[PDB]
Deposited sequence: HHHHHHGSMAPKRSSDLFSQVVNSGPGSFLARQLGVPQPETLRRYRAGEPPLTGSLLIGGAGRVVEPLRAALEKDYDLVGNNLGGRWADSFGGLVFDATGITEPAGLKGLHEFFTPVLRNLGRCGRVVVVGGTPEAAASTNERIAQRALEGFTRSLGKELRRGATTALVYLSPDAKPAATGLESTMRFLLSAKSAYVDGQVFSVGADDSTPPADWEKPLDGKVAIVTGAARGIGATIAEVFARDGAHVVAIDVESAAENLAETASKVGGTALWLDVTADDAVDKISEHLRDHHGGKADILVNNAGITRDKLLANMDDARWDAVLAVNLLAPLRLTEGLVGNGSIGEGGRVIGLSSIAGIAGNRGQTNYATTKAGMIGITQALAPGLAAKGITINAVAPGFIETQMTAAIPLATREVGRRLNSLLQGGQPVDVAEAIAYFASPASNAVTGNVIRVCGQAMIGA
C-alpha cells in the first residue's frame, strides 16, 4: 500500500484526469449532466476520472442495493486521483422515515469506500435540500470543487447544500474576481497560502497579522498584490482598525472574512496556568466571534458575504495536551452553527474548515513520521489544500452552502 502523487490545481489543466460517469436515479442525475456537459468530459469503456451516483432516488433501505450495482463494476476502472461523489437528500427533510433511514446510511457507505479507493482517489457525500429547484444551481460550486484537483486532500467528508438558487460567477476559473477578502494570520503558514489562492482566483486581499510578523506580512501582501494591516486581532479596537483600513482601500466594504489567525499553548490541564488558557481562548475564539459580529454589525460585510473559520481535528476528536485549543476549535464549530440562521437572513454564509495533518507546519520527529501516514491518502497535506476548501466556501456561487464543517485531512483515521 503506497502513497500517490496527489494532483493539485494548475491553471489550464482539465479539472479531471479522465471522463465523468453520472449514474443512479432521482432528481439530480439529469440536471447535473446538463450543468457539467460544457466543462467536463461526459460518458459515454476507458480510465474514469470521476464516478457520481445520484442517490436521491433511494426511498427505503432495500433501495441501497443501488450503490452496489453502480459501483462494483466501475471501481477497477477508476483513475489516478479520481473522485467518487454520492449525492443524496438531506436526511432530516425526507418525505418518509424510510427515506431518512436510507439517506442517512449513505455516510457509512461513502466513508467505508474512501478507505478502499486506490492511488490517491477520494469519496465525498453531498446532501441536497429536497426544496432545491430542479436545475439545482445551488449544487454546482460543490460539485465543481469536488470534481477537480482542488479537493486533493478532502476525503470522506459530508457536504450539505440548502435550497437557494445560485448565479454562476462570470469566470469559473477566477471565481473571486472583484471580491475583497480579509485574511487574519496572513504573514505565514496556511494564512499566507490563503492570500495566494484568493489572489489566484481574482480577489483583493487584506492581509492581517501582528507587529512581530513585521515584513513577512509585507512580503505576503506584495506577493498577492494586496495590502498589509499590522494588527493583533485581540486588540480592544480590532474592528475599528479594519473598518477604517477598508474605508481607505475598498470604500468600506469587504466580501470575505477568513478567521485563520490562531495560536497554541499546549499543556496538560493538570499543570495549566491562566495565561495558557486565556491567551488561547482570546485569539482562537473570542476574536473570531467579536470580529464577525463586529464587521457584519457595522455594515463592513453585507449581503453576498462570506465568513470562513479555521477549526481543527482537535476540535472534533480532542487531543492530549490541548483542552484549551480544542475548546477553541470546537468553539469555532460553535460559531459556524450558531450564527448560520441569523447571517442567512442577512444574505451571508459562514462555514468552517477543519485541517488535519498539514505539513507547513505541524513535535517529536518520531510521532511526526507516523501521524502523517494515519489517513486514507497515506501522506500529510499542504496549505494549498486547506486554502482550496476555504476558497470553495468563499465562492460567489456557494450561497447555498452554510453551516458546514469540512475536514481537510485526507480521511485521517482519527475523529469522534
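**Q** Comparing the deposited sequence with the modelled residues, which stretches have no C-alpha coordinates?
**A** Several stretches lack coordinates - namely 1-36, 81-87, 406-408, in sequence order.
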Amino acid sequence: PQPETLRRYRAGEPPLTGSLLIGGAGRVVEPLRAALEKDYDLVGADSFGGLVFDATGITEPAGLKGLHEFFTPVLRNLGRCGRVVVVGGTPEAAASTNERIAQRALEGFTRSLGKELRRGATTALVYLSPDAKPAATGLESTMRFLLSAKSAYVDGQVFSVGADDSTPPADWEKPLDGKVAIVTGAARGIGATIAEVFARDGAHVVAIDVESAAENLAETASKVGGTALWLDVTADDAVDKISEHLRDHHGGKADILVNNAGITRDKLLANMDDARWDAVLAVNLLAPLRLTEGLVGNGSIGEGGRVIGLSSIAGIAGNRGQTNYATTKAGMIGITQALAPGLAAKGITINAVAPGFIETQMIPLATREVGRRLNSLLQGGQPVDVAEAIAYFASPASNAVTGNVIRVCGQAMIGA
From here on, numbers count along this sequence of modelled residues.
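If you superpose the two forms and keep the largest set of C-alpha atoms that fall within 1.5 Å, you have the rigid core.
**Q** In 4 other deposited structures of this protein, superposed on the rigid core, which stretch sits farther off in Cα RMS terms, 304-312 or 199-207?
**A** If we average over structures and residues in 4 other deposited structures of this protein, the farther stretch is 304-312.
**Q** Please pick 175-183 or 255-263, whichever has its Cα atoms farther from the shown form in 4 other deposited structures of this protein after a rigid core fit.
**A** Between the two stretches, 255-263 moves farther in 4 other deposited structures of this protein.
**Q** What about residue 389, left without coordinates in a third or more of the other entries of this protein that model its neighbours?
**A** Comparison shows residue 389 kept in all of the other entries.
**Q** Establish whether the other compared PDB entries of this protein leave residue 364 unmodelled at least a third of the time.
**A** In at least a third of the other entries, residue 364 has no coordinates.
**Q** On mean Cα temperature factor in this entry, is 270-278 or 109-117 the higher one?
**A** Comparing 270-278 with 109-117, the higher mean C-alpha B-factor belongs to 270-278.
**Q** For the C-alpha atoms alone, is the average B factor greater in 390-398 or in 20-28, going by the entry?
**A** That would be 20-28.
**Q** Highest recorded C-alpha temperature factor, please, choosing from 348, 384, 353, 34.
**A** Answer, based on the entry's C-alpha B-factors: 34.
**Q** Given 144, 104, 247, 306, identify the residue with the highest C-alpha B factor in the PDB entry.
**A** Max CA B-factor in the entry, restricted to 144, 104, 247, 306: 247.
**Q** When the modelled residues of the chain are sorted by Cα temperature factor, does residue 332 land in the lowest, middle or highest third?
**A** Its C-alpha B-factor, which the entry lists for residue 332, ranks in the lowest third among residues of this chain.
**Q** Ranking every modelled residue in this chain by its Cα temperature factor as given in the entry, which third contains residue 188?
**A** Tercile = middle for this residue's CA B-factor.
**Q** What third of the chain, by the recorded C-alpha B-factor, contains residue 130?
**A** Middle third of the chain for residue 130's C-alpha B-factor.
**Q** For residue 172, return the chain-relative third of its C-alpha B-factor as stated in the PDB record: lowest, middle or highest.
**A** For residue 172, whose C-alpha B-factor we compare with every modelled residue in the chain, the answer is the highest third.
**Q** Among the modelled residues of this chain, does the Cα B factor of residue 79 put it in the lowest, middle or highest third?
**A** Highest third.
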